Amino acid sequence: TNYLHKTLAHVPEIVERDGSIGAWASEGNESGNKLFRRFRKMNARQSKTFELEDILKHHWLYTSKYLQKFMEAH
DNA sequence: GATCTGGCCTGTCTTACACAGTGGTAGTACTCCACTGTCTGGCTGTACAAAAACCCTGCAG
Ligand SMILES: [Ca+2]
């Protein structure tokens, strides 16, 4: 199997090349698709010319350190 | 084999059923900038009088 060669063959080499493995997973991005879905449901403009423009604008807003920092939630 | 007739099909006309909700854009009717000088009315040191509701008291029964 492919996964087996990967996990036996370069793991020490890669964690030497970088210093971790999970710290470069695409994992998080598959989560963020959830986000996209939700936005499309609720903050749509119902116009395919703009729908993406609006979605991207709201998304970017959602992913700024600034506004999250305002989200204290001690 | 001619005839007939109820039941079936096509086409018809009529009453319903989703299409909100979301963002960008604009006109527009409603509201504070700075500058002002002035006045009323709450505040404050005690002393003075006026109401209120009870508690005792006293006379009356
Ligand atoms: Ca209806």
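## Topic: the packing of aromatic side chains
Inspection of every chain in the model, using the stated rule, returns one aromatic pair. Considering the side-chain rings of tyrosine 66 and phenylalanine 70, the 4.7 Å spacing of their centres and the 55 degrees angle between planes classify their relative orientation as tilted. In this pair, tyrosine 66 and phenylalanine 70 are both assigned in helix α5 (residues 65-70), four residues apart and thus about one turn of the helix distant. For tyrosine 66, a relative accessible area of 55% corresponds to the exposed category. Here the basic side chain of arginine 45 rests over the ring of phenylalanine 50, its NZ or CZ set 3.7 Å away from the ring centre.

## Some points on the pattern of salt bridges
In this structure the tally under the stated criterion is two salt bridges. The residue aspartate 54 makes a salt bridge to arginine 45 at a minimum N-O spacing of 3.4 Å.

## What about the protein's contact with DNA strand B?
In the vicinity of DNA strand B, the residues found are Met42, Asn43, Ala44, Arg45 and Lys57. Within 4 Å of the protein, the atoms of DNA strand B are drawn from sugar and phosphate moieties in a proportion of 100%. Within the side chain of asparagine 43, one N or O atom sits 3.5 Å away from a phosphate oxygen of DNA strand B. In the environment of DNA strand B, a phosphate oxygen lies 3.1 Å from a nitrogen or oxygen atom belonging to the side chain of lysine 57. A per-class count over the surface near DNA strand B returns two nonpolar, one polar and two charged.

Criteria and cut-off values
Residues numbered from 1 in each chain as written, not as in the entry; some residues may be left out. Chains lettered and ligands numbered in written order. Part of a larger assembly, values for the part shown. Heavy atoms only, no water. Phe/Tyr/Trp six-rings, centres within 6.5 Å; stacked < 30°, edge-to-face > 60°. Helix = DSSP H or I, 4+ residues; strand = E, 2+ residues; numbered from the N terminus. Buried < 20%, exposed > 50% of the residue type's maximum accessible area, 1.4 Å probe, protein only. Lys NZ or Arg CZ within 6 Å of the ring centre and 35° of its normal. Salt bridge = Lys/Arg side-chain N within 4 Å of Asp/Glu carboxyl O. Near = heavy atom within 4 Å. Polar contact = N/O pair within 3.5 Å; in protein donor to acceptor, adjacent residues only side chain to side chain. Nonpolar A, V, L, I, M, F, W, Y, C, P; charged D, E, K, R; others polar.

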